[PDB]
Amino acid sequence: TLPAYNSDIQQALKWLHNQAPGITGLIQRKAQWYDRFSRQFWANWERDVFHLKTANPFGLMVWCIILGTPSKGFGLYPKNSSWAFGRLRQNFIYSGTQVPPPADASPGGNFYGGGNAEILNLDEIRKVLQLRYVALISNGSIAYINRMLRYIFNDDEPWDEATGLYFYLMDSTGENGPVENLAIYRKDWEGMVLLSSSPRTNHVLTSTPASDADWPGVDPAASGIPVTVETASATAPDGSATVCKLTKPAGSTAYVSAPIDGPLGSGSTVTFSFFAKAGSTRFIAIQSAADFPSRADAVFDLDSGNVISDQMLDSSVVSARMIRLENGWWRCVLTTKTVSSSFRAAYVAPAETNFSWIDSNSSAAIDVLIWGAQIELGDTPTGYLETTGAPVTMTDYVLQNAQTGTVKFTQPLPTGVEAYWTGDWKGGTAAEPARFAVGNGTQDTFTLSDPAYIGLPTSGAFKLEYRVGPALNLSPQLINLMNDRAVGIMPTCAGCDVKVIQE
Amino acid sequence: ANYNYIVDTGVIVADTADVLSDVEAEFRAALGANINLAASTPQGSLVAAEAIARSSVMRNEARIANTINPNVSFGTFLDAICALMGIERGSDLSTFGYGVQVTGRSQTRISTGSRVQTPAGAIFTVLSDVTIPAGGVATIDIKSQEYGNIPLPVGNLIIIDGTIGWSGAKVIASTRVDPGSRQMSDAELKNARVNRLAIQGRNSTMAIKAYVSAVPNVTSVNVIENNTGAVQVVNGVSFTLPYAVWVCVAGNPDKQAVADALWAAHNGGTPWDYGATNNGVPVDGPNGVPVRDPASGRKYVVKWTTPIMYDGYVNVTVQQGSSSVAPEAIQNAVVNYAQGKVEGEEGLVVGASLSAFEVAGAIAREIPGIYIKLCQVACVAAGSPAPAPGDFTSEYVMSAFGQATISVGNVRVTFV
Amino acid sequence: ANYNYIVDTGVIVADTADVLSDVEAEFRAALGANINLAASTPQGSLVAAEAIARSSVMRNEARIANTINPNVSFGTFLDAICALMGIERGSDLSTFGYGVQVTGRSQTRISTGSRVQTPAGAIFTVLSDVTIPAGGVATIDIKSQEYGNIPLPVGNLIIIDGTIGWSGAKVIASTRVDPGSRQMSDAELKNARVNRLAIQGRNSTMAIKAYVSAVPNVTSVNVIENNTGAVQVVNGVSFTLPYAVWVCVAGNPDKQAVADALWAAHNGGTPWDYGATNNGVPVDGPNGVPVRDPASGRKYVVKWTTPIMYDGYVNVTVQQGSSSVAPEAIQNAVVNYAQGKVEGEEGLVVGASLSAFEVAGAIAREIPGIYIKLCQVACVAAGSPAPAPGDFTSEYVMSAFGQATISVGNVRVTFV
Amino acid sequence: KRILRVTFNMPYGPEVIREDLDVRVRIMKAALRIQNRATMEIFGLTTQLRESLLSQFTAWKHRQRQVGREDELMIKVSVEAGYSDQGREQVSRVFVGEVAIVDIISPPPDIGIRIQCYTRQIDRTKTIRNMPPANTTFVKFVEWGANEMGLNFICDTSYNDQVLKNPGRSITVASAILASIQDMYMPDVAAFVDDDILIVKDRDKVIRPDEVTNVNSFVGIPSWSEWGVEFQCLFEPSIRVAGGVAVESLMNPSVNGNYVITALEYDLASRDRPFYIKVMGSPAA
Amino acid sequence: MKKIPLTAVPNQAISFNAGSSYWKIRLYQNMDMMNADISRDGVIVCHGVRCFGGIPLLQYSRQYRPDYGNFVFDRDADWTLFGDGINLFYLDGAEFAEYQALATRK
């Protein structure tokens, strides 16, 4: 229960037998033999009991007896006994009366391994026996059988639709064909960015400042001059030389506040986005306001691509993220949720040290390049929209026909701007973005791409089927064996005909 | 000095023994190399004792390693294997009810009054019963043994009395109880493990068969899916609805209990079919027993059937070889095998087929060395006289519906 | 000498006194009847070795004899047995927080094992050596001393074992607090196994009943199965598919929650049918609700109906007794019974007929002494004018897909 | 460190008399009809304890009065003796019965009482409530007697399946039931009552064969007798009557063997030398 | 429910008349667990029953049938805490049936 047990055998061996050859030799040999044929035997036999690791074919057979599987169709015994064709297989045998050392062409070569019903790999035998246990204890439930198919044939690992792993069971419930939970993204210089069918608004007054008066500077210390916005000639991600520079001189603890209509609301997720390029400093600092002192803070490293700092002065922060864009550009996004209604403004500043704050002292004059601010509700950055003293409201698209999937855009897609979609449609889900349209600059109505595979319903009553094979490279012998009703390894309900087949 | 694992044919871990050489080789090169390990010497005797102890160790380890797979296990060891699949080992019953007694006047019938039925009943009276001057009372009864019993419906005989209490009788209102008997099933538990292998499962042929087999006094059961619904015939038994599970239960279980178990193994939305007239015997004609849905709502109906009873016969011709006299141990073997007592070969079940070669094999099981010559069998319906020697053949088809029963007197053996 | 310590009723384990005496007797028989089996002499050492062995094996066999029984297994054997059905014991990992901010000065070096502490205990040890840069702030990685989901709230951790130069530690919001796990006990594994057995020992209708009734806000449920082979009324609801299951859910639950439960309790193959017109409100549209199967990204569609809503009107002509009562009390008692808050009486669930005798029973139970003269009941469609006098009857019968509610305003109490 | 308790059962409750008071219990039990006896010499009684015990122990209220329908007519007392060392206990049960006699042995300055308790002194029963069987087997008459007396029974004999005509219709009280069961078939199979269990077994058979008591230490010497082996021993809380014993003597090597117990003589004194039990045993078959 | 008292010893054997039967349970420390050998009315019922908390000693039906009872450990068996902390309880037929019905839907 608790206070130890010996069982060491070598306990017999007093201090006297300290220089003995023979007594200690006998005791050590006896201990080794008892170890070999009790402890090692029981360890190997427990590994034999373990069905997940029944590599030992003898254990697979013990399980064929336990579950009651007909073992005629299994492929136990060691391999390398079939001649067939090829230098990797056996060869015929003759009358080597002299018994030469190479043992003529082979030590054997037989027809063992008759196909079209018999599986040879022992791993699939283990899978089959697990499936038969599932069939024995099955009550016909479909979520249960799907989860156990997952567990057996994928070791409980989620799979994508490029696999086409095991499928449903007796449940004559066809899936979809309407389209639901649809999302659309557009691919451009902003990369992978979604669009909203509902009116989304950017509340910042100006997204790209070219004048200092655009965003004022706030500095409680006021030790030095405030941050000054300066127009710069650098290729902005939109494809223009319209970026701006924020410069923090040495000894200055100022930050530029973007004028925003206030307040933004109580208990609403707030998203701040903007585009930055590495300059003199390697990183930038941003703050989302709230009631004093509940301001949320964040710092984005423009080079390493790490959001190394996000400070919660209260329950504000939810998420912070950086999206990579070509020419060394980064969209820094901060999503903040606070039950307060005091979201007043967003402050930006250059940072000297990797954890420098919005008002941290700067030892030098450091400049950074920013462009294209955006402040919205929700919790996800959206397509950048130009604002010049206006809280711009815009609606990306309207889905005119759900069944056919044709989608109407507010404006025609610019040339080179691709469109991806996700959701479920035509009895198939697209959990990954699937391209369906390339912008030509003149058309705005586009037809979606077919998602996953098989209409699905398999019309009928009290009878369905499986679907498997493009994923796991299951043997045709395996599929044929599972398709035999006599063996009865498949989870079945009486009064349902289920054929496995299906690749 | 080795553990031979029979990979698929015998599924047994077998010891190899021959450890004496290994043990004396250990004594060598440890005590030296010139040890005289011949017998009649101290070292030889003790090395022999060590070898014997190691052989016993190997035997015991092999047995305990083999007991995991069935067909080689035994009590409280095969029982764990059954309990893995939830095959309940089984429960007991010994109680009757609502008998009848006719007596004289103002008599107090005795506690545990012994009465014998013509099949050696030996039943005690449970309640302390005092009769009435009218001349009739009711007694509760319990069998002397825990074994499964079925008393005859008519009053038979008495043991313990007072010369006044005339006799005990049985009425239709008397209830019969259906008992098990320790584990009976010592090797037919091994036989029934393969059938009741989906007790814990529901909504399937195997699940239905297992769950209805778990009902007491279901000695056998047949369940046919008939899944390819176009009416037709599937694995025997002509059908009416396209797809319906057909259940034929043997034995004499409680109607309500077996119906409730059949309902619990509901299968879902597939109906019950037992039509085509002769296919089995209807339990309640049309519109079988209703039973109530545990998911409270509505009053459904569950329909199954009972097999057509058959009476089998056997004539054997033996030679009494090896000078080992055994005149009347043959029909005992035949009925023992038919009842399902033997291991690995389930006897006459609802789907069986009475075979001369099978019964000859059973006789060879229970007594070798007699040189069976002729083993004719044949069988007739539940009634009917003996089928005459002309009918006696080597095989009876015994279609999927219908069960044959072999009596001790129906089997006759002639010595040549 | 060694008896038969395996036998049939499990392994027999004798005491080490007995096995030592047995080995001693064997050695006396082997070497000599009067040999000194002292603990220090070589023969006694051999005896002690043969006694420690030949006992370790007995204990091992007795430890793993009936190990295939899941109800009494242990350790990795229980792990293997319970992994057959997908239940897997977890891993005893620890919280693995990353990016914890460190504040200090100059070039302070945080070494492995610094053992920071959260305010509520929970000592986290540093797992990566980090030197503070000239800014004074850096990031470290900490792991929990114990195992499991140790909470790591955002705040200033106190330092237990701090070097000279370390100022403090802060859990910024970018700290990636990865929770751990505390494995799973053998008893908990048996618990999960028996839970799974209870889940997979139910048929279609019982599974639907249990799973859907387990959902919050579900007051009652009516589950019906065709099981007849024809479109008809089985016992009160007119079906529309020959083989289907029709389910009506009362209460005001979450549609997605009940859809997930009913999908998990799907028997399968047997499709849901909405029934014919006015067989319960065919809510969720003609096409059922789609839910995503947790196992695979394939969804499944489910169909169920909300009950036909009915408004119940009650007229009572109770007579005041010696004690004073108010009509609000009568209405409260009636509405309590209707909602089913009273013990014993189920209430006015889906498919429960509205009986004036039942209403009078509730009134008599809650308000004794009050003499009831006339109790009358009536039922109308939802959102309809109150029925005129004379439409009220002595008892109202309800369909199998309707639910009637009595509000406080539908009770008309008259003091005669 | 002997631990001896005399536990009465009184309307107030159990008042346990411990081993600190000078107590002396002489119990004598046997495989006979006769009720096993226990003489109890208890000194050091206070006036209050004497009032609470001796006044309740009486032979009245059933002779010149009525006050009787069930138990509480006479006080039932049990005896729990054993050893105790290192904190562990060994208190078994050695006697259960009702007091019948009460006198005083030692006058002042040590007022010591001497009571006499007998097992099943509730012959003040209900004059046989349920009539005995008319014609029945021996085991069945034994079951009826056990049910009448309220005791659980252990019946193990080869005479059970023998019918009797009128088996005990002359019985007048419950105690006479044991007399009748002893009267019929008396060469070997003698029935008795050990504490709360009514035992009906052959005299050459052990009640619990798995409960043999290997005995190696004796006080004196295990000597012969005209029936079996007789020996005294220190109190072992595992030796009952009719039990199996596996005597392994040193002084007398011919008395070794397996014996069944017929008699028992407990002599337990907390504050005196005698703490022995004497066993009469006969060859066991 | 009848609480069978225990002694803080590795190996012991307790004999008692419980539930109209003569039980004898030998509890011994085996390796790192407790095992029990249970006999009823003299004949041996089971050997080497591995003792676990809440989980009945007599596991299969024919031993606790009919209404013979069963023995339950409130915690995992450990002789160091016997008598104080861990107890063994005996249930008769109806009570063991109720306990089984409770424990089969957990």
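Residues numbered from 1 in each chain as written, not as in the entry; some residues may be left out. Chains lettered and ligands numbered in written order. Part of a larger assembly, values for the part shown. Heavy atoms only, no water.

The deposited coordinates for this entry were obtained by cryo-EM, with a reported resolution of 3.3 Å.

Right, let's get into the overall build of chain E. A count of helical and extended segments in chain E gives one helix and seven strands. Element order for chain E, N to C, with α for helix and β for strand: β-β-β-β-β-β-β-α. At 13 Å, chain E has a C-alpha radius of gyration in line with the 13 Å of a compact globule built from 106 residues. If you line up chain E on its principal axes, its C-alpha atoms span 35 × 30 × 20 Å. The buried share of chain E, taken over its 106 residues, is 56%. In chain E, 30% of the contacts between residues at least 6 apart in sequence involve partners at least 24 apart. Accessible surface, chain E as shown: approximately 4,400 Å² in total, 56% of it carbon and sulfur. For chain E, the centre of its 11 positive side-chain charges and the centre of its 11 negative side-chain charges are spaced 5 Å apart. (Helix = DSSP H or I, 4+ residues; strand = E, 2+ residues; numbered from the N terminus. Rg over C-alpha atoms; globule rule 2.2 N^0.38 Å. Buried < 20%, exposed > 50% of the residue type's maximum accessible area, 1.4 Å probe, protein only. Contact = heavy atoms within 4.5 Å. Areas by Shrake-Rupley, 256 points an atom, 1.4 Å probe, with all protein chains shown as cover. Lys, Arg positive; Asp, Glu negative; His and termini not counted. Charge placed at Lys NZ, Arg CZ, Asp CG, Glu CD.)

Time to look at the overall build of chain D. Helix and strand content of chain D: three helices and 18 strands. Structurally, chain D occupies a C-alpha span of about 60 × 60 × 30 Å along its principal axes. Pairs at least 24 residues apart make up 60% of the contacts formed inside chain D by residues separated by at least 6 positions. Accessible surface computed for chain D: about 14,200 Å², of which carbon and sulfur atoms make up 50%.

This paragraph deals with the interface of chain D and chain E. Tallying the contact residues gives six residues for chain D and six residues for chain E. The junction of chain D with chain E conceals about 480 Å² of combined surface from both sides, 47% of it contributed by carbon and sulfur atoms. Looking at the side of chain D facing chain E, the largest losses of area belong to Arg208(D), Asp210(D) and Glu211(D), adding up to 66% of the total buried there. Viewed at the interface, chain E and chain D are joined by one salt bridge. A salt bridge links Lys24(E) to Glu211(D); its shortest N-O distance comes to 3.6 Å. Here chain D and chain E share one residue pair in polar contact between them. (Buried area = accessible area lost by both parts, 1.4 Å probe. Salt bridge = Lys/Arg side-chain N within 4 Å of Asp/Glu carboxyl O. Polar contact = N/O pair within 3.5 Å; in protein donor to acceptor, adjacent residues only side chain to side chain.)

Now for unusual backbone geometry. The omega torsion of the bond from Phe292(A) to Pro293(A) falls at -5°, within 30 degrees of zero and hence cis. Considering the arrangement of structural elements, one finds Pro293(A) in the loop between strand 11 (283-288) and strand 12 (296-301). Between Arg65(E) and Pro66(E) the backbone carries a cis peptide bond, its omega angle lying at -10°. Mapping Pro66(E) onto the fold places it in the loop between strand 5 (43-50) and strand 6 (70-73). In this model, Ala103(A) sits at a positive phi of 55°, which is unusual for a non-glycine residue. Assignment of secondary structure puts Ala103(A) in the loop between helix 2 (57-67) and helix 3 (122-137). Look at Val231(B): it is not a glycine, yet its phi comes out positive at around 60°. Within the element layout of this structure, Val231(B) appears in the loop between strand 8 (221-224) and strand 9 (246-249).

Our focus in this paragraph is the interface of chain C and chain A. Listed by partner, the interface residues are 57 residues for chain C and 65 residues for chain A. Summed over both sides, the interface of chain C with chain A buries roughly 5,300 Å², with 61% coming from carbon and sulfur. Broken down residue by residue, the surface that chain C buries against chain A is led by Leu84(C), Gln200(C) and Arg298(C), which jointly contribute 15%. Put simply, chain C and chain A have two salt bridges between them. The residue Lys30(A) makes a salt bridge to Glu50(C) at a minimum N-O spacing of 2.3 Å. Counting every contact that joins chain C to chain A gives 21 residue pairs in polar contact. Put simply, the parts of the chain that give the side of chain C that touches chain A at least two residues each are helix 2 (42-52), helix 3 (56-63), helix 4 (75-82), strand 6 (137-144), helix 5 (186-199), helix 7 (255-264), strand 11 (289-292) and strand 12 (299-302) of chain C. If you tally residues by element for the side of chain C that touches chain A, the top one is helix 2 of chain C, at seven residues. In terms of residue class, the side of chain C that touches chain A is made up of 28 nonpolar, 17 polar and 12 charged. (Nonpolar A, V, L, I, M, F, W, Y, C, P; charged D, E, K, R; others polar.)

All names here are of chain D. Looking at the secondary structure, you find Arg-120 in the loop between strand 8 (112-118) and strand 9 (135-137). Residues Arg-120 and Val-193 lie 73 residues apart in sequence; the distance between their C-alpha atoms is 8.2 Å. In this structure, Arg-120 is in contact with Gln-35, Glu-98, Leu-151, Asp-195 and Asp-196, ignoring residues within four places of it in sequence. In this structure the side chain of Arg-120 is engaged in a polar contact, spanning 3.4 Å, whose partner is the backbone oxygen of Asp-195.

Residue and element names in this part refer to chain E. The two faces of strand 2 (residues 12-17) differ: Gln-12, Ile-14 and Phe-16 on one face are buried, but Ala-13, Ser-15 and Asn-17 on the other face are not. Pairing of strand 2 with strand 3 (residues 22-30) involves six bridges; the strand directions are antiparallel. Looking at the pairing, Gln-12 lines up with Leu-27 of strand 3. Between strand 2 and strand 3, which follow one another and run antiparallel, lie four residues, and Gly-19 among them has a positive phi close to 60°. (Pairing = 2+ DSSP bridges.)

Bringing the packing of helix 1 (residues 22-49) of chain A against helix 2 (residues 42-66) of chain B into the picture now. It is the contact of helix 1 of chain A with helix 2 of chain B, at a shortest axis distance of 11 Å, that shows an interaxial angle of 5°. Between helix 1 of chain A and helix 2 of chain B, the angle is such that the two are roughly parallel. Of helix 2 of chain B, the residues touching helix 1 of chain A (which contributes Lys30(A), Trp33(A), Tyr34(A), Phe37(A), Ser38(A), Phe41(A), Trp42(A) and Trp45(A)) are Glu50(B), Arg54(B), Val57(B), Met58(B), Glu61(B), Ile64(B) and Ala65(B). Across the contact of helix 1 of chain A with helix 2 of chain B, the residue classes break down as 10 nonpolar, one polar and four charged. (Axes fitted to C-alpha atoms, helices over the stretch in contact; angles between N-to-C directions. Parallel < 35°, antiparallel > 145°, perpendicular 65-115°, else oblique.)

Let's shift gears to the pattern of salt bridges. Counted under the stated rule, the structure contains 42 salt bridges over all chains. Its salt-bridge partner being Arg150(A), residue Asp156(A) comes within 3.9 Å of it at the nearest N-O pair. Accessibility expressed as a relative area gives 24% for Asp156(A), which makes it partly exposed. Where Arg54(C) meets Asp22(C), a salt bridge forms, and the shortest distance between an N and an O atom there is 3.0 Å.

All names here are of chain A. In spatial order, the strands read 5-8-17-10-15-14; together these six strands make up an open sheet with antiparallel pairing. Unpaired on one side and paired on the other, strand 5 (228-231) and strand 14 (317-325) mark the two borders of the sheet. Across the sheet, the axes of successive neighbouring strands diverge by a mean angle of 30°, strand direction being ignored. Two elements, strand 8 (residues 244-248) and strand 17 (residues 366-377), share five bridges in a ladder whose sense is antiparallel. Bridge pairing in strand 17 links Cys-244 to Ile-370.

Below, the discussion takes up helix 8 (residues 327-339) of chain C. All names here are of chain C. With 13 residues, helix 8 should reach 18 Å at 1.5 Å per residue; the first-to-last C-alpha distance of 18 Å fits that figure. Every buried residue of helix 8 is listed here: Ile-330, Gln-331, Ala-333, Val-334, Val-335, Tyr-337 and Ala-338. Where helix 8 is buried, its residues contact strand 13 (308-319), helix 9 (356-366) and strand 16 (411-413). Directly beyond the C-terminal end of helix 8, a positive phi value near 85° is found at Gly-340. (Expected span 1.5 Å × (residues − 1).)

A separate point is the side chain of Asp311(B). All names here are of chain B. Residue position: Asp-311 is located in strand 12 (residues 309-318). For the buried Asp-311, which has no salt bridge, the nearest side chain bearing the opposite charge is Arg-412, at an N-O separation of 7.8 Å. Those residues in contact with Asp-311 that lie beyond four places of it in its chain are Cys-379, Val-380, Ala-381, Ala-382, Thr-405, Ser-407 and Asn-410.

This structure, assessed with the given rule, holds 48 aromatic pairs over all chains. Ring centres 5.9 Å apart and planes at 45° place the aromatic pair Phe272(A) and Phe274(A) in the tilted group. Assessed through its relative accessible area of 2%, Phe274(A) is described here as buried. Three or more aromatic residues link up through ring pairs in this structure, and these residues are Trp33(A), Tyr34(A), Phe37(A), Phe41(A), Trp42(A), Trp45(A) and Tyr3(B). The cationic tip of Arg203(D) hangs over the ring face of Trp227(D); the distance from NZ or CZ to the ring centre is 5.1 Å. (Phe/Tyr/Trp six-rings, centres within 6.5 Å; stacked < 30°, edge-to-face > 60°. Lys NZ or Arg CZ within 6 Å of the ring centre and 35° of its normal.)

The subject of this paragraph is the sheet that holds strand 20 (residues 407-409) of chain A. All names here are of chain A. In spatial order, the strands read 19-20-23; together these three strands make up an open sheet with antiparallel pairing. Each edge of the sheet is formed by a strand with only one pairing partner; in this case those strands are strand 19 (397-398) and strand 23 (445-446). Pairing geometry for strand 20 and strand 23, over two bridges, is antiparallel. Each residue of the ladder has a partner; that of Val-407, found in strand 23, is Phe-446.

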